[PDB]
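Asker: Quick one: the structure is below, and I'll ask about it shortly.
Heads up, the Cβs are rebuilt from the backbone with ideal geometry, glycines too, and the neighbour counts pull from every protein chain shown. Each value in this text was obtained by applying a stated rule to the coordinates, not by laboratory testing.
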Amino acid sequence: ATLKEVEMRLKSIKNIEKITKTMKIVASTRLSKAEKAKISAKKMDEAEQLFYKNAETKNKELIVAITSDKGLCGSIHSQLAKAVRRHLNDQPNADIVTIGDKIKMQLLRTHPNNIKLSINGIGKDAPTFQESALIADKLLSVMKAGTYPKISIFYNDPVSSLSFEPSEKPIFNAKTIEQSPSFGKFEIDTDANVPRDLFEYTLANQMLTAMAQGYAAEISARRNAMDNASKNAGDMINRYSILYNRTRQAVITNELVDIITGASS
Amino acid sequence: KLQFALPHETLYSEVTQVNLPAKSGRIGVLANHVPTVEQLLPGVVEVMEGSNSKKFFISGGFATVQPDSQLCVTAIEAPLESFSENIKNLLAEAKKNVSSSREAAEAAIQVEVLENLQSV
Amino acid sequence: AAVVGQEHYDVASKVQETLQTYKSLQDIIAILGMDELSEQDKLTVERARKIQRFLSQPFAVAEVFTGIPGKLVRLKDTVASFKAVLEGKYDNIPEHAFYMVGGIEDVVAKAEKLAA
Amino acid sequence: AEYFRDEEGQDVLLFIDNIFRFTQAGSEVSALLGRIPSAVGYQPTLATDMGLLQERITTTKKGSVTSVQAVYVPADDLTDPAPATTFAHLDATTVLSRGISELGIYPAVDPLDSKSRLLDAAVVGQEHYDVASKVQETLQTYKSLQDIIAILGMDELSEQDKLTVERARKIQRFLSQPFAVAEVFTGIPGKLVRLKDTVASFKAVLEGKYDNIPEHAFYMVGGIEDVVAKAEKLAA
Amino acid sequence: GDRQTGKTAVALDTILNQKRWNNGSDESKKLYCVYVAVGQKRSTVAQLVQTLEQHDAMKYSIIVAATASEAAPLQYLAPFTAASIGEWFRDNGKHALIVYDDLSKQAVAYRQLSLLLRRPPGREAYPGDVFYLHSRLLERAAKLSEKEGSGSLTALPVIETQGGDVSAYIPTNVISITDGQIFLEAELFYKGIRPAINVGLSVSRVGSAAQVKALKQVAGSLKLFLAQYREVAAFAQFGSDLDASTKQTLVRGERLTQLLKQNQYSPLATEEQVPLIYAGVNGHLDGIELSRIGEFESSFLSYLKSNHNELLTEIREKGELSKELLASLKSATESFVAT
Amino acid sequence: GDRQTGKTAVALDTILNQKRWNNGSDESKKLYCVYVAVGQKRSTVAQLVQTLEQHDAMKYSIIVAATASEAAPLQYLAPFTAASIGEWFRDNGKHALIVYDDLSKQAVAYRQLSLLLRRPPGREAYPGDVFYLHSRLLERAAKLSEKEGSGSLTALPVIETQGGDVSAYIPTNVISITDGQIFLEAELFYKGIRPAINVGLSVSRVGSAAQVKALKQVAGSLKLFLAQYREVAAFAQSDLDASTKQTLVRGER
Amino acid sequence: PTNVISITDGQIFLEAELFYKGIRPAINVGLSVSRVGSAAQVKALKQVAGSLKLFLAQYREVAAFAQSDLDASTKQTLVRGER
Amino acid sequence: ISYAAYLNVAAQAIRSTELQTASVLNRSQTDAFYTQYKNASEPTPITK
């Protein structure tokens, strides 16, 4: 009736509450590992950035994006999509390498023409050098990485363990090395294959850091989202409780009408 | 100095002398060094912080002296002693792999890594 | 289907199914955002929101009250109008376009009006 | 039963079906008697009538009489006053969950709602008592773990937890044992299994001793010999 | 289940498929069906007789009627006098079926009548002894032993639940008496099962021991798959990536539900229900995409009608599936992987 | 507390500890307990009797018995009757403890009487002056003034909650009248925590006013720790702050 | 309440939520209707006020589903509605 | 082969005495796949 329709919907809400609780807790567990990775990685990355800065960082482009395969990230997938979308007005023909299914869906809508490479098995794992390296090896061959004047990577920088700002950076190519001239304030021999090697090595080193930052932000957002869900569900629980109680009183009052029938006897 | 770094751990990212195996032969850095980039090959490495010397087996990476005497080192994974028998097992695999042949690079690297570890 | 035709019955069936799902996902819609709804569903839900808005028709007696000239839509027109919308042909246009309008032609025209 | 209890001076084992019908019947003649029916139309003297029936059924020094009274719970709500009044009056409650029946487990008993006032180390002995506590926990863990299994998946779960779930599933289908009255159904005669045998076999499962025995090789079978045999049967 | 919403239609379907047995000779296969209509308008009845004449089943139908206008005593008296008419067949050794649609309005008639009779008490305003009235009525339908009789009156009571309020006194009373409950759910009706039977709450206590032997074999794990589908589906709409095995269940389950669906006023031959359940249970349809399930059903049956019509004859004629017949059937399905 | 969830057991435990004082020669501190078995079958009360005999408690215990079989007028007057026995003790200046188990069944009996006497039903179909009835019973218990002699009649009513329905009319009235409530929780009972007390939903309104000074000192902390433990039960599937882990550990132990 | 509503032509439901949350007049326009008074007005107050009832029941709807991707049309309505 | 693939392969080789941590083993063992795309249309997904 009323009573049952309240109760079944309330049960749905309850079950959801339990699931979001469960998810949030498991998310916290995952979050520590995700965050841990980004510190070590970020420390490693900065040392290379020290070179690139001092060298000067001076520049069809590539877009790489990072999400997990897994969903319930939060709005990571579509906020990242939005920060891509602005620069997909600035490059509507950009070739997108999608590291993760979730960003793939949003971008796939925006231009399926752009979708050229995608990588599975991302979301399941926590970012690893093996993956980054293999992706790097494939990037050169598949995407013809060298063609772009500079690559660009989009990821989610985990600003705080309650926040995420989607962030991007440009991966510096051999072209960058070529026309940066304060590379000469780090001079090495022509015999050294250091431009073509350093390009590849920091192609991956930058990418891994971006992935770690993204993964931590993703898991962080998921925790935040699942916490807020639990809260929203509580409010609805309370609203249906008040309705339930009033309905219970009204059924008792109708029973009191039956008592009044007994009074007629 | 020395700012030895791996993605999974950071080993030094001061460290008075670092001895590095490079495509530029062997490079030693003590205090300030002239401002260079050197690609680190798969390596046997010595790192000295003071006179104390630590002996490392390294998967190659990159080395880049910053002109502020900050030796930015990036490599994938390291101790030499921890690595030092399975490498012999690996040699059997590597020989087998060479029989068939990226596989060429794999077998070549496995033999190379073994030789380089074997060197110490 | 033997009265108002199989095509009508099929069309109506899809409307009923879509709306019942949409009603079912009302819980989910509130607890978890629109985005967090599955992609296949997110299209369906968006379609259903449009359909929901589509159902309004200004009346010719309440034309005064709504302030919108009343639109009376032929039965022959109706089956056609929903059929197209269900195939999402005109779906790509505001929920407002579907709100308080008559025939399919009117929706299209009001999209042009809204576009201005 | 009194003639048996008293005059034949014997123990009995009474069976009545269904006592909701007993409740319903009295309510109707309350109304026909014009006596204002109490809550949810149930007779005023419901408690006291039930009480006379229960009081009559007891162990005296003349005999012992063991009633099994079926109770039908309308729309499976036990706070309905007629079931609730009966809920107090009985000593060894059993709930048969529709869900568990549907899972194909016959017995359809809900093992988390099976309650008997007697169940202690003083009653069934310390081993029995302890084992039954472990079973309850194992099953309760399995039920709790259904939520983790639900979203993350069975595969995505802790190793300790996974062995507990797997064992609980083995216990779950251990319960399923054939009935003589499910020769009509399954065609498999009932299986009488001694107390000691059940305690021993269940202990083994919990320890993981019978983790070389398939989950389904506990399904709808009785005895340990059969459980082992059905592992072989499935194996072959 | 909820009033009028195919409430009439479920019953008419039973009458219609029993045309096949009825046309055939042997009086035990003949159901001399009695449709009892209480509280319904003359126009509704007129439509009913028109439908029955359209499907030409009036050739064995009896319509006992108590229209809305007809007196509250006459309405009260209507089930009990319908029962006697049925008993004449039953007594004769003949099999028959009595549809009592809807007893809920009979109770109201006895409510109004009893209150006008000054009958003092009443749960929900229905005086006690309505259960006595209804119970005696329902217990007057039976399968009679060969020694004493040979007829079987079958009864189908129909109770229209007021907003699904099953705790209502009259629905509660009936539930105890009856040998099955066939809950129908409105949401599932809209969801596209038309009629929609909520099998989760529907039961048949006697169950399989009156199900066709072949159909008993095939639908053995159909129940298990569906039951699992219900549980799995409930968690599954939280849109998490479940185990692939779990999504196998989900996929298999989705297809099964769609398979069950059938349109009003269309009966179906048992010989052509055995294949569909075999196919489904043997998971061939689990693969076949949800949208084109309807296409598969129609076409598969047409395909067997064309080619494996020998096979169909055997299932019909012998009503059991040999190892060979099960294999033949499997092969036929595989051959029609076209969809 | 929850229905038949060893309600009688929790109560019976108190009586056994009263054996310690009873054995003692301090006659004011000889609490002559009264158990009021309402609608409890003669077999159940026989078990009670045997358990009491086993624990040698029958020699200060009084059991006023109105069993399930025993008629509703007797049941109606049964708690009132019991109180009179207590008054004699109280009047003699002694102390005693009367455990009314359970007033929920008293309500039903009064209902049976009231409806048969054509007195109207009231909230939750219990007669309207059930409030007045309960209030009359529950105010008889009391610790008298010094001039009127230092005596008392301690009381501990036992109330059965249908499913924990504290909303229910008979619980709400009673909850207000008594100074304190203890609310046992079924999950805890099942989880083997017997007593199954839900600490949050157990409060005493006079409480620590009567408490041993020593015991007061070493159990203020206990209240605060447990309070934190309830909140800090909220993890399962992580690694927690050292403070949180300490709380969790303290709470679990 | 329903008995009065059905007799009366037009209703002017007021919401506590709006009252508490400032907004006096606190007159919910979801549940305020006038079904006879809309032709009792001077033409000036018919002309100026045209379809504003729809607009603020578009604002009501808009902020219902506002609680990410909001098109300029919806944003415009929201901006106008709030103001 | 590419320098970072070359170095990667070396790191993987280097974790084979085997006396290496879980993070190392995870860092040098991935079963991840990669779905190539073109146009929309996907050249088949295959182990990375």
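Asker: For residues that are surrounded by 24 or more Cβ atoms within 10 Å (Cβ to Cβ) and assigned to a strand (DSSP E or B), scanning just region B:49-62, find the one that is farthest from the other protein chains (Cβ to nearest Cβ).
Answerer: Only one residue tops the list, namely B:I58.
Asker: So, one more: Of the conditions (1) farther than 17 Å from C:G67 by Cβ; (2) more than 13 Å from the chain's Cα centre (by Cα); (3) not in a loop (DSSP other than H, G, I, E, B), G:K46 fails just one. Which one is it?
Answerer: Condition not satisfied by G:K46: (1).
Asker: Where residues in region F:235-253 are among the aliphatic types (A, V, I, L, M) and out of contact with any helix residue (DSSP H, G or I) (no Cβ under 8 Å at 6 or more places or on another chain), which of them is nearest to D:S158 (Cα to Cα)? So that I can check it myself, show each step before the final result.
Answerer: First pass over region F:235-253, keeping only residues among the aliphatic types (A, V, I, L, M): F:236, F:240, F:242, F:248-249.
Restricting the remaining residues to those that are out of contact with any helix residue (DSSP H, G or I) (no Cβ under 8 Å at 6 or more places or on another chain) gives F:242, F:249.
Working: F:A242: 23, F:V249: 22 Å.
The qualifying residue nearest to D:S158 (Cα to Cα) is F:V249.
Asker: Restricting attention to region F:83-96, does a residue exist that is outside any helix (DSSP H, G or I), closer than 25 Å to F:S150 by Cα and touching a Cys at 6+ places or on another chain (Cβ under 7 Å)? Give the steps one after another, and end with the answer.
Answerer: Our first condition is that a residue be outside any helix (DSSP H, G or I); within region F:83-96, this holds for F:92-96.
Pick out the ones that are also closer than 25 Å to F:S150 by Cα and you get F:92-96.
If we keep only those that are touching a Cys at 6+ places or on another chain (Cβ under 7 Å) as well, we get F:96.
Within region F:83-96, one or more residues are outside any helix (DSSP H, G or I), closer than 25 Å to F:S150 by Cα and touching a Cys at 6+ places or on another chain (Cβ under 7 Å).
Asker: Working carefully through the options A:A65, A:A34, A:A27, find the one that is within 20 Å of A:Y155 (Cα to Cα), within 14 Å of chain B (Cβ to nearest Cβ) and either in a helix (DSSP H, G or I) or in contact with a strand residue (DSSP E or B) (Cβ under 6 Å, 6 or more places away or on another chain) (or both).
Answerer: None of the others qualify; the one that does is A:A34.
Asker: What number of residues within region F:97-136 are surrounded by fewer than 20 Cβ atoms within 10 Å (Cβ to Cβ), away from chain D (no Cβ under 14 Å) and assigned to a helix (DSSP H, G or I)?
Answerer: 4
Let's see how each residue does on (1) touching an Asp or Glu at 6+ places or on another chain (Cβ under 8 Å); (2) charged (D, E, K, R); (3) in a helix (DSSP H, G or I):
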{"site": "D:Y3", "(1), (2), (3)": "no, no, yes"}
{"site": "D:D6", "(1), (2), (3)": "no, yes, yes"}
{"site": "D:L14", "(1), (2), (3)": "no, no, no"}
{"site": "D:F20", "(1), (2), (3)": "no, no, yes"}
{"site": "D:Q24", "(1), (2), (3)": "no, no, yes"}
{"site": "D:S30", "(1), (2), (3)": "no, no, yes"}
{"site": "D:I36", "(1), (2), (3)": "no, no, no"}
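Asker: Same structure again: Do we have any residue at all in region D:181-200 that's basic (K, R), more than 14 Å from chain E (Cβ to nearest Cβ) and within 20 Å of E:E231 (Cβ to Cβ)?
Answerer: Looking only at region D:181-200, we keep the residues that are basic (K, R), and these are D:191, D:194, D:196.
With more than 14 Å from chain E (Cβ to nearest Cβ) added as a condition, the list becomes D:191, D:194, D:196.
Now restrict to residues that are within 20 Å of E:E231 (Cβ to Cβ): none.
For region D:181-200, residues basic (K, R), more than 14 Å from chain E (Cβ to nearest Cβ) and within 20 Å of E:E231 (Cβ to Cβ): absent.
Asker: Taking B:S84 as the residue in question, decide whether it is surrounded by 23 or more Cβ atoms within 10 Å (Cβ to Cβ) and hydroxyl-bearing (S, T, Y). Break it down into steps so the answer makes sense when it comes.
Answerer: Numbers: surrounded by 23 or more Cβ atoms within 10 Å (Cβ to Cβ): no; hydroxyl-bearing (S, T, Y): yes.
Here the answer is no, as B:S84 does not meet what is asked.
Asker: Let me spell it out: the conditions are (1) surrounded by fewer than 19 Cβ atoms within 10 Å (Cβ to Cβ); (2) in contact with a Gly (Cβ under 7 Å, 6 or more places away or on another chain); (3) within 22 Å of D:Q136 (Cβ to Cβ), and D:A204 meets all of them except one. Which number is the exception?
Answerer: (2)
Asker: Could you grab me the full set of residues in region H:24-48 that are part of a helix (DSSP H, G or I) and facing chain A (nearest Cβ under 9 Å)?
Answerer: Within region H:24-48, the first condition is being part of a helix (DSSP H, G or I), and the residues that meet it are H:24-27.
Hits for region H:24-48 are H:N26, H:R27.
Asker: For region A:119-145, what are the residues that are facing chain H (nearest Cβ under 9 Å), closer than 19 Å to A:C73 by Cβ and surrounded by fewer than 23 Cβ atoms within 10 Å (Cβ to Cβ)?
Answerer: A:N120, A:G121, A:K124, A:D125, A:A126
Asker: Pick from F:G163, F:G149, F:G192: which is surrounded by fewer than 19 Cβ atoms within 10 Å (Cβ to Cβ), in contact with a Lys or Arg (Cβ under 8 Å, 6 or more places away or on another chain) and assigned to a loop (DSSP other than H, G, I, E, B)? Walk me through it before giving the result.
Answerer: Values: F:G149 fails: in contact with a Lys or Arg (Cβ under 8 Å, 6 or more places away or on another chain); F:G192 fails: in contact with a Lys or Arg (Cβ under 8 Å, 6 or more places away or on another chain).
Just a single option satisfies the conditions, and that option is F:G163.
Asker: Right, next: Report yes if E:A142 is touching a helix residue (DSSP H, G or I) at 6+ places or on another chain (Cβ under 8 Å) and under 22 Å from E:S28 (Cβ atoms), otherwise no. Spell out how you get there, then give the answer.
Answerer: Values: touching a helix residue (DSSP H, G or I) at 6+ places or on another chain (Cβ under 8 Å): yes; under 22 Å from E:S28 (Cβ atoms): yes.
So E:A142 passes the test.
Asker: For region D:30-41, enumerate the residues that are closer than 19 Å to E:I170 by Cβ, more than 7 Å from every other protein chain (Cβ to nearest Cβ) and surrounded by fewer than 19 Cβ atoms within 10 Å (Cβ to Cβ).
Answerer: D:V40
Asker: Same structure again: For a quick check of your reading of the model, give me the residue pairs whose first member lies in region D:106-121 and is of a type in the set (V, I, T), whose second is part of a loop (DSSP other than H, G, I, E, B), with beta-carbon atoms closer than 8 Å and at least 6 apart or on different chains.
Answerer: Partner pairs satisfying both residue conditions: D:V109/D:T94; D:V109/D:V95; D:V109/D:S97.
Asker: Okay, moving on. Please work out which residue is nearest to H:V24 (Cα to Cα), limiting yourself to region B:1-18 and to residues that are buried (at least 19 other Cβ atoms within 10 Å of the Cβ) and within 13 Å of the chain's Cα centre (by Cα).
Answerer: B:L6
Asker: Has region D:92-112 got any residue that is at the interface with another protein chain (Cβ under 10 Å from one of its Cβ atoms) and closer than 30 Å to D:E8 by Cα?
Answerer: Looking for residues that are at the interface with another protein chain (Cβ under 10 Å from one of its Cβ atoms) and closer than 30 Å to D:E8 by Cα, one finds at least one in region D:92-112, hence yes.
Asker: Checking the conditions here, which among A:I153, A:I177 is closer than 19 Å to A:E61 by Cα and either assigned to a helix (DSSP H, G or I) or acidic (D, E) (or both)?
Answerer: On the way: A:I153 fails: either assigned to a helix (DSSP H, G or I) or acidic (D, E) (or both).
None of the others qualify; the one that does is A:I177.
Asker: Any residue in region A:198-208 that is in contact with a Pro (Cβ under 7 Å, 6 or more places away or on another chain) and either assigned to a helix (DSSP H, G or I) or away from chain H (no Cβ under 14 Å) (or both)? Steps first, please.
Answerer: Going residue by residue through region A:198-208, those that are in contact with a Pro (Cβ under 7 Å, 6 or more places away or on another chain) are A:208.
From what's left, either assigned to a helix (DSSP H, G or I) or away from chain H (no Cβ under 14 Å) (or both): A:208.
Yes, region A:198-208 has at least one match.
Asker: Pick from D:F185, D:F174, D:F202: which is part of a loop (DSSP other than H, G, I, E, B) and either in contact with a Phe, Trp or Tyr (Cβ under 8 Å, 6 or more places away or on another chain) or of a type in the set (F, W, Y) (or both)? Quick ask: steps written out before the conclusion?
Answerer: Working: D:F174 fails: part of a loop (DSSP other than H, G, I, E, B); D:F202 fails: part of a loop (DSSP other than H, G, I, E, B).
Exactly one of D:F185, D:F174, D:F202 is part of a loop (DSSP other than H, G, I, E, B) and either in contact with a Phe, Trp or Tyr (Cβ under 8 Å, 6 or more places away or on another chain) or of a type in the set (F, W, Y) (or both), namely D:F185.
Asker: Continuing with the same structure: Only one of (1) under 30 Å from D:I151 (Cα atoms); (2) more than 12 Å from chain D (Cβ to nearest Cβ) fails for E:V218. Which number is that?
Answerer: Answer for E:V218: the failing condition is (1).
Asker: Give region D:208-236 a look and list any residue that's more than 19 Å from D:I105 (Cα to Cα), in a loop (DSSP other than H, G, I, E, B) and out of contact with any helix residue (DSSP H, G or I) (no Cβ under 9 Å at 6 or more places or on another chain), or say none.
Answerer: D:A236, the sole residue that qualifies.
Asker: Within region D:141-155, how many residues turn out to be more than 9 Å from chain E (Cβ to nearest Cβ), assigned to a helix (DSSP H, G or I) and crowded, with 18+ Cβ neighbours inside 10 Å? Walk me through it before giving the result.
Answerer: Kept after step one, since they are more than 9 Å from chain E (Cβ to nearest Cβ), are these residues of region D:141-155: D:141-145, D:148.
The next check asks that each one be assigned to a helix (DSSP H, G or I); those that pass are D:141-144, D:148.
Next, from what is left, pick out any that are crowded, with 18+ Cβ neighbours inside 10 Å: D:142, D:148.
So the answer is 2.
Asker: Among B:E112, B:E106, B:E85, B:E93, which is the only one that is in contact with a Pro (Cβ under 7 Å, 6 or more places away or on another chain) and acidic (D, E)? Can you show your working first?
Answerer: On the way: B:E106 fails: in contact with a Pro (Cβ under 7 Å, 6 or more places away or on another chain); B:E85 fails: in contact with a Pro (Cβ under 7 Å, 6 or more places away or on another chain); B:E93 fails: in contact with a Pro (Cβ under 7 Å, 6 or more places away or on another chain).
B:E112 is the lone residue from the list that is in contact with a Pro (Cβ under 7 Å, 6 or more places away or on another chain) and acidic (D, E).
Asker: Same structure, new question: Return the residues of region C:58-72 that are surrounded by fewer than 18 Cβ atoms within 10 Å (Cβ to Cβ) and either within 14 Å of chain E (Cβ to nearest Cβ) or not in a helix (DSSP H, G or I) (or both); say none if nothing qualifies.
Answerer: Hits for region C:58-72 are C:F59, C:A60, C:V61, C:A62, C:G67, C:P69, C:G70, C:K71, C:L72.
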